[PDB]
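The data below hold one chain only, encoded as structure tokens and taken in the form deposited without the DNA.
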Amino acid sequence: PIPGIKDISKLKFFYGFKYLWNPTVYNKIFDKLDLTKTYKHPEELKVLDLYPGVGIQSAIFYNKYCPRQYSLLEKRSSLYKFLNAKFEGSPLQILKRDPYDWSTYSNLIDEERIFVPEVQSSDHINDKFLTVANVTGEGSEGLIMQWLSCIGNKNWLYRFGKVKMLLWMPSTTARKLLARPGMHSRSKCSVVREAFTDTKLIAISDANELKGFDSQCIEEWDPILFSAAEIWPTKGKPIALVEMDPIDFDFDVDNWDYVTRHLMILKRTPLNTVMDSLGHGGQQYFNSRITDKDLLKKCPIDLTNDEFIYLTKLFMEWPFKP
């Protein structure tokens, strides 16, 4: 049994990261997640913790599930040193490495065999591999775009199957990510998240932030609310917990990416004028394939992913395109 960390944590920098420190909340969250509904053999489970920070979540999770292996990747020296002292002698494996560098995994998993998960058939969420990560710091919006890309190509940690992942991140980032068609928050990442995953909002630190999300989704989600006080590094923006589960898809990622990339950079432009961005003569080509027309008056910001799939299908069938 590992020691729960309290306001000892009231002593570091964090580089823009924020952490929930109130154990009461984590319990509500873990009760809400009901992880063992999928991980029925926790003794067998292996967990990867990216940017643990204060290891409060790590100590609580471990204390509740005793996984086969819980590994924490902390790059920040002060925090690394902190965790190193607190959990000294614990079952937790604490390594100081950049969690957001491809080289780290190539070496810890492949080369050194320090942490190697069980690969499984992507017909169901991997049930022996779980990954948790804090992305509350700077550039979370970019890190997430990259993260998504790996689901699409099955790179990185996704080469092990459909692995569940719980991520903390600024609520503003969570609002773009979970944004639905038509919303102002709609961006390329919402479309990608829609296309490759089933993500649920599990917790948020500001009841005021819920208005940015879909009222209907907030319904189905019913996310645990908590305050700014339960977040250590104070005076920071509100954070949000998301459960990200990859899903199966059957379309051409390469072309789809090309099309969505172009259309979404002009997401506010009507579909009856934006097509020439795909290539010279694009509008005239597309106006001859698209019959519906009710969607010709829309904008990319209004389209669903299925509509995008349809649009890239037309793209590939574009004749005389060397």
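In case it trips you up, residue 1 is the first one in the sequence shown, and so on.
Not on display, but discussed next: the form solved in complex with the DNA.
The candidate stretches are 245 to 253, 108 to 116, 183 to 191, 196 to 204, and the one lying within 4.5 Å of the DNA in the deposited bound form by heavy atoms is 183 to 191. Taking the partner from elsewhere, no residue among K37, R68 and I218 has a non-hydrogen atom within 4.5 angstroms of the DNA in the deposited bound form. Exactly one listed residue, out of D214, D127, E141, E230, brings a non-hydrogen atom to within 4.5 Å of the DNA in the deposited bound form: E141. Just one of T234, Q146, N155, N208 comes within 4.5 Å of the DNA in the deposited bound form, counting any heavy atom, and that one is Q146.
In the deposited bound form, no heavy atom of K313 sits within 4.5 Å of the DNA.
Taking the partner from the other structure, the DNA in the deposited bound form has a heavy atom within 4.5 Å of a heavy atom of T269. Contact check for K176: a non-hydrogen atom falls within 4.5 Å of the DNA in the deposited bound form.
Taking non-hydrogen atoms only, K298 never approaches the DNA to within 4.5 angstroms in the deposited bound form. Heavy atoms closer than or equal to 4.5 Å to the DNA in the deposited bound form belong, across 13 to 51, to the residues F13, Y15, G16, ordered by sequence position.
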